[PDB]
4 protein chains.
Amino acid sequence: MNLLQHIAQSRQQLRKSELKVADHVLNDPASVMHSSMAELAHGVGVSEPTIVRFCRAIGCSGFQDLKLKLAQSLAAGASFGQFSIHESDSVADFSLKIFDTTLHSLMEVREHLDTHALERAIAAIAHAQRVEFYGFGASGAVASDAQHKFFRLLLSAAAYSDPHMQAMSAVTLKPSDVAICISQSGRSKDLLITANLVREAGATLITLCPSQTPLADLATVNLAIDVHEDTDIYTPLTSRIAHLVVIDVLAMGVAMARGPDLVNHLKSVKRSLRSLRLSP
Amino acid sequence: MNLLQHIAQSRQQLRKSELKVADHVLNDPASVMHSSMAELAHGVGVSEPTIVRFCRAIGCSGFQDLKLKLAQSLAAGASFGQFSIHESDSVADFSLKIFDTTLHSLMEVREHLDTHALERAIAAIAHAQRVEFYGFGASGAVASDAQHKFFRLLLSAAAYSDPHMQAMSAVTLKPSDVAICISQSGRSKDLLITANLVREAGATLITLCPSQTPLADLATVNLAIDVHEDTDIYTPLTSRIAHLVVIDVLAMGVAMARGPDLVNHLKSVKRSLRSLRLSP
Amino acid sequence: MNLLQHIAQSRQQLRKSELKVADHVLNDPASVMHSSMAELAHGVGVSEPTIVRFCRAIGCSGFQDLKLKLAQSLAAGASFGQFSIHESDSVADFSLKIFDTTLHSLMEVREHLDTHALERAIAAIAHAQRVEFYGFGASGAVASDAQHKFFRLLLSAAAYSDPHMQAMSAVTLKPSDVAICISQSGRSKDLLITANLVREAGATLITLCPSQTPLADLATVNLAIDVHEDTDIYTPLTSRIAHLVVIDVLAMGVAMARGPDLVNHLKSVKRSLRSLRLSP
Amino acid sequence: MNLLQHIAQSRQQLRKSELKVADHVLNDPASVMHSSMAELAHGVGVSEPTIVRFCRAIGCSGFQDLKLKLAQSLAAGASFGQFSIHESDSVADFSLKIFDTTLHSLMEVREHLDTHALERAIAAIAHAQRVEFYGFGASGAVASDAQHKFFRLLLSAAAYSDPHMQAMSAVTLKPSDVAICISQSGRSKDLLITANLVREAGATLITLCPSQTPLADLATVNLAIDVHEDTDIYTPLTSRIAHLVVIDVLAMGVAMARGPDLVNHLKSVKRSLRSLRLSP
Ligand SMILES: O=C(O)C(=O)C[C@@H](O)[C@H](O)COP(=O)(O)O
Ligand SMILES: O=C(O)C(=O)C[C@@H](O)[C@H](O)COP(=O)(O)O
Ligand SMILES: O=C(O)C(=O)C[C@@H](O)[C@H](O)COP(=O)(O)O
Ligand SMILES: O=C(O)C(=O)C[C@@H](O)[C@H](O)COP(=O)(O)O
């Protein structure tokens, strides 16, 4: 219920004249707040009724309600991240909102899991000699986070957010190897180049992205993580938490597939840190 | 209720003779499963009653229950991550367990937040020219994830998991600048060196770690994130999710502190990706 | 005088029929070595005289000389790097060849330096608050190497080989800031996107690449580093050494521009390493 | 012949009283330049003859020559890097000095190569499934540069400047695997921990560092790269160029060891970049 977020999100459901209003509001909400209905209509180039229909369309009671809720909407934080933050919010408010939104998104992802696709992804990785993680920006951090979990699972794990390294590494994969392309939009152009090179190498392509995206269409195994975070507009935040939890399921699954031999391997890995960390 | 996890966790609550049993069990649970009570007692060097007291101490009904629950405990995944996974679990089981455990930990962190410490951390960062994120391993990935969120907030943001880069960068900080040291154990030795250099520079040290740890003792602002994940034994997983959500609260708080000027800055940042990402 | 390298390099100077021969030879030199002149001509689809003209064109005395020098050419190393390595070479041979080639290239770069362009690059960086280094692959390593030299020079220094991070960071630059795009080909597509964003931000674009390339055409200051290494074919090696030495000149120049204040700043930086390094 | 560099370098050859003078001069050369002989002697707490003996010891003709050459010495660049830069130098001067110094150091390294140690290092890497590169700071950039050269040579290549990642990765190495620890000082404490873990894993430890250092003492194969750059005082510059050229020799050697199969592998790697780079 940040009204500016709500407007951006319902642009598609709007009549053509009303969308003109929506985009003008999104562009300079503070000028609207001090505008008359006639000024706004003239600035946007629509009729005054179109203004009021827009207001009712986005769930306001009329013009004054729009201006009131716009004023309550002007929290710089609400343009940083897709959380319903209001102008007056204190840390007590937005810290809980952020946690609650993240908890809700994770609960939704959990509810919509394609368990079969997880099984298939786990099995492909468990038979691979190499697993590679590819992504950019936020998804590049997820890639590196994943490599840190997976390197200990008795295979060779690597992560790259450099598209040239991705392409060159992808063509060296064997058909039994696995690449995981990570993308909240499924639309990063360099990543589609990389994904095609993985396919042409014969290797298994796991896509950690929403369904029906260009990236998902290339997948050997599509994990179909449909987190609703509009990262054409907001900083990716909730989306990369969901990705990391899915990564943890894949790692756990691969660990399950290893023998009892894994335990002593992991003891060795943990023992190597003794010199670097103070004892408890 | 993975019995091997439960044993490792309750070592401290045990009588001295019983702890001998605990450590022998943790070291080779499969030999115990095919041992008689007399064999085990002889192998550990304790009395047979000490065996049965150990069993009752960790909540088993007796010796046979121990062996039964040990057999149910031998899931290689349960030594990879601190999730109550059993030998027989399928993806349907451990995927939900992993999500549920993560949701629970986040709910606990949310419940225990020191809101005042958040306000103080947000305020220090909001007045800084530089914010730097320091950590190793899993906390190094969190550091880089954070730098990707913060670079857009009208300050200079950097992350380092190289301790030499950390030390050299820390001494160049001004008193108004901020460093965030990230650590699930609070005991990484190089990070304590870095934290001391931040203090000696006069800058604000924010520690994203549990309370009562060596790192927390150095903090200007201790965030006191007491996620219960034993990373001397298990892969850090749930702990780094909590850290990232706390990072998101700090970023949101800093964004709130910026003017309405931030919105157009973030529009520019998002607009720069248009050439790199397919349109929706 | 690796004949296969020599052939690839003189493709442009060749008659049309002869180029057919060149490309067939480059593709499978071992089959040529056991071919008759008539077999080769038939396989390539040219006349036998075209074979012999090709041989004389690339400086062989005739067909037998071609086959002899092809056999001497089959050193897997000579396809890895642009060094005149022969099939029979030992470490004593190719270690000196590699050093000598690198020394020669550096001497050539030194001889062709545009000293004025260096002065202008140094001056722009010396007045910047931020300097950023952008490149991919080998040039991404150069970028990170540079950031490690420059962070101590009383400005904010960053390096990115992720094109999404590059674009988002570039649009946040001020007109007084500086970006250095590093490229041996001057033709990396994502880097041209980044370079255009730097220009549109008003900032100074320094290009560390050959003259007359697409990247150089965008430059505010083109450093015109015309190292002759064909990185469409060979691993970049000599090119990135030259780039790093040029980077060192720029850093030295910026250091010269700082006050006597810099000395105590650098003492602090070096002092921060005392805990991390054993005393001498 | 930067006098301050010369003084720092000849501290060891000095009489005890004279060293007091040396360290006072190094600490505040500008106060010395405006001091009388009596003032300086009093400030340092030595006799006036000790002043003049110090001057003659470092090759000055007397007190006035010291002050003259100190004034010529105050180039902030000369404390940044170990190049004989003077206060009056222009880009034309220090660009050539930097190239010439680098060329000289490379020529010295070339002259002192232990060719046998190179052969042994090449052979160990050529039989490895994994090669890992470990270093910090400047040597961490060298490590990542190396991984970019080596990943294409039909083995698994990784680089780490995070000491925790180094330790955990090192203990997972097999005896046939190889780690290369890179260090200009040979004294980085975390790197000695990593090197010991490599030895205890049974793997081959190649040290790319000077002889007679703590790191070199651990080596399976010591490459003995005795570049004279004092990185307790100066930015590492010339040292990391030498390391990278040695890395190139090792890569070339490993490429030589691969079949003729490597050529088509490298064609594939280079072909993967076609979509990412504009055609020539
Ligand atoms: O930092 C931001 O605002 C971004 O959206 C970066 C963006 O390119 C992302 O993080 C990379 O994109 P995808 O995950 O491929 O959709
Ligand atoms: O990967 C693992 O198993 C670790 O525990 C690495 C470990 O050093 C950690 O990720 C760095 O430690 P802290 O967060 O400082 O407690
Ligand atoms: O590793 C190789 O074989 C490359 O050529 C990678 C390549 O894209 C380069 O390193 C990045 O290209 P530029 O420096 O932009 O010409
Ligand atoms: O950047 C500098 O001034 C340094 O000396 C960093 C320093 O720790 C070095 O780069 C890491 O050390 P070594 O190569 O191990 O001797």
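May I ask you to list the residues in region A:181-200 that are within 16 Å of ligand 3 (Cβ to nearest atom) and of a type in the set (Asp, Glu)?
Hit for region A:181-200 is A:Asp190, nothing else.
In region C:5-41, which residues are farther than 13 Å from C:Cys55 by Cβ and among the acidic types (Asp, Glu)?
Within region C:5-41, C:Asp23, C:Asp28, C:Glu39 qualify.
Within region C:145-156, does at least one residue satisfy the condition of being farther than 14 Å from C:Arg258 by Cβ, of a type in the set (A, V, I, L, M, F, W, C) and within 16 Å of ligand 4 (Cβ to nearest atom)?
yes
What single numbered condition from (1) within 16 Å of ligand 4 (Cβ to nearest atom); (2) buried (at least 24 other Cβ atoms within 10 Å of the Cβ) fails to hold for C:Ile125?
(1)
If a residue must be more than 8 Å from chain C (Cβ to nearest Cβ) and either within 19 Å of D:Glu132 (Cβ to Cβ) or within 16 Å of ligand 3 (Cβ to nearest atom) (or both), how many such residues does region D:232-249 contain?
Residues that pass the stated criteria total 3.
Somewhere in region A:250-260, is a residue more than 9 Å from chain B (Cβ to nearest Cβ), crowded, with 18+ Cβ neighbours inside 10 Å and part of a helix (DSSP H, G or I)?
Initially, region A:250-260 is screened for residues more than 9 Å from chain B (Cβ to nearest Cβ), giving A:250.
Narrowing the set further to residues that are crowded, with 18+ Cβ neighbours inside 10 Å leaves A:250.
Filter again for part of a helix (DSSP H, G or I), leaving A:250.
Within region A:250-260, one or more residues are more than 9 Å from chain B (Cβ to nearest Cβ), crowded, with 18+ Cβ neighbours inside 10 Å and part of a helix (DSSP H, G or I).
From the list A:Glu119, A:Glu111, pick out the single residue that is out of contact with any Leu (no Cβ under 9 Å at 6 or more places or on another chain) and free of Cβ contacts under 8 Å to residues at least 24 places away in the same chain.
The conditions single out A:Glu111.
So which of A:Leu192, A:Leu205 ends up being outside any loop (DSSP other than H, G, I, E, B), of a type outside the set (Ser, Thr, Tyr) and either within 16 Å of ligand 4 (Cβ to nearest atom) or surrounded by fewer than 24 Cβ atoms within 10 Å (Cβ to Cβ) (or both)? Step through it out loud before you land on a result.
Working: A:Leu205 fails: either within 16 Å of ligand 4 (Cβ to nearest atom) or surrounded by fewer than 24 Cβ atoms within 10 Å (Cβ to Cβ) (or both).
It is A:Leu192.
Restricting to region D:68-88, name every residue that is crowded, with 21+ Cβ neighbours inside 10 Å and not hydroxyl-bearing (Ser, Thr, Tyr).
Residues satisfying the conditions are D:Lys69, D:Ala75, D:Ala76, D:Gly77, D:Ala78, D:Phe80, D:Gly81, D:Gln82, D:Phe83, D:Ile85.
Please count how many residues of region D:164-184 are among the β-branched types (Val, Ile, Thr) and touching a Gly at 6+ places or on another chain (Cβ under 8 Å).
The number of residues fulfilling the criteria is 1.
Which helices (runs of 4 or more DSSP H) sit wholly inside region A:48-139 and have at least 1 residues that are facing chain B (nearest Cβ under 7 Å) and among the β-branched types (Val, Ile, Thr)?
Filter on region A:48-139 gives A:91-112, A:115-126.
With B:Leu26, B:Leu40 as the choices, which residue is over 30 Å from the mean Cα position of the chain (by Cα) and without any contact (Cβ under 8 Å) to a residue 40 or more places away in the chain?
After applying the criteria, what remains is B:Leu40.
Listed here are the residues, each with its yes/no results for (1) within 13 Å of ligand 3 (Cβ to nearest atom); (2) polar (S, T, N, Q).
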| site | (1), (2) |
| --- | --- |
| C:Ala138 | yes, no |
| C:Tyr160 | no, no |
| C:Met165 | no, no |
| C:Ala179 | no, no |
| C:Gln212 | no, yes |
| C:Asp217 | no, no |
| C:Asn222 | no, yes |
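Out of D:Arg277, D:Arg199, D:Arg240, D:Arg271, which single residue is on the phi < 0 side of the Ramachandran plot, within 13 Å of the chain's Cα centre (by Cα) and of a type in the set (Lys, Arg)?
Matching residue, one of D:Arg277, D:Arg199, D:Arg240, D:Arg271: D:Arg240.
May I ask you to say which residue of B:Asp28, B:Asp93 is over 24 Å from A:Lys267 (Cβ atoms) and among the acidic types (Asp, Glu)?
Being over 24 Å from A:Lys267 (Cβ atoms) and among the acidic types (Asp, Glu) holds for just one of B:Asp28, B:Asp93, which is B:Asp93.
Given the condition surrounded by fewer than 21 Cβ atoms within 10 Å (Cβ to Cβ) and not in a helix (DSSP H, G or I), answer yes or no: does some residue in region D:17-27 qualify?
Within region D:17-27, not a single residue is surrounded by fewer than 21 Cβ atoms within 10 Å (Cβ to Cβ) and not in a helix (DSSP H, G or I).
Mind listing whichever residues of region C:28-67 are exposed (fewer than 15 other Cβ atoms within 10 Å of the Cβ) and closer than 18 Å to C:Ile233 by Cα?
Residue satisfying the conditions is C:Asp28 alone.
Kindly evaluate B:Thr213 against the criterion of being among the β-branched types (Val, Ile, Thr) and touching a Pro at 6+ places or on another chain (Cβ under 7 Å). Break it down stepwise before answering.
Numbers: among the β-branched types (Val, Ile, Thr): yes; touching a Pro at 6+ places or on another chain (Cβ under 7 Å): no.
No, not satisfied.
Pick from region B:140-164 the residues that are among the hydroxyl-bearing types (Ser, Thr, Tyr) and within 11 Å of chain A (Cβ to nearest Cβ): which of them is surrounded by the most Cβ atoms within 10 Å (Cβ to Cβ)? Can you show your working first?
Restricting attention to region B:140-164, the residues satisfying the condition of being among the hydroxyl-bearing types (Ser, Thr, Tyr) are B:144, B:156, B:160-161.
Then keep just the ones that are within 11 Å of chain A (Cβ to nearest Cβ); that gives B:144, B:161.
Working: B:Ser144: 19, B:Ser161: 29.
Per the criteria, the residue is B:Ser161.
Can you tell me which residue among B:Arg199, B:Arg187 is out of contact with any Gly (no Cβ under 7 Å at 6 or more places or on another chain), away from chain A (no Cβ under 14 Å) and surrounded by fewer than 24 Cβ atoms within 10 Å (Cβ to Cβ)?
B:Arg199
Please state which of the following conditions B:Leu215 fails to meet, knowing it meets all the rest: (1) away from chain A (no Cβ under 14 Å); (2) hydrophobic (A, V, I, L, M, F, W, C); (3) within 17 Å of the chain's Cα centre (by Cα).
The single condition B:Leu215 does not satisfy is (1).
Look through region D:140-187, keep the residues that are part of a helix (DSSP H, G or I), among the polar types (S, T, N, Q) and within 16 Å of ligand 2 (Cβ to nearest atom), and return whichever of them is farthest from D:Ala201 (Cα to Cα).
My answer is D:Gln166.
When we count neighbours, we look across all protein chains shown, and the Cβ atoms used for this are built from the backbone with ideal geometry, even at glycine. Taken together, the values in this text are just the output of simple stated rules run on the coordinates, not laboratory data.
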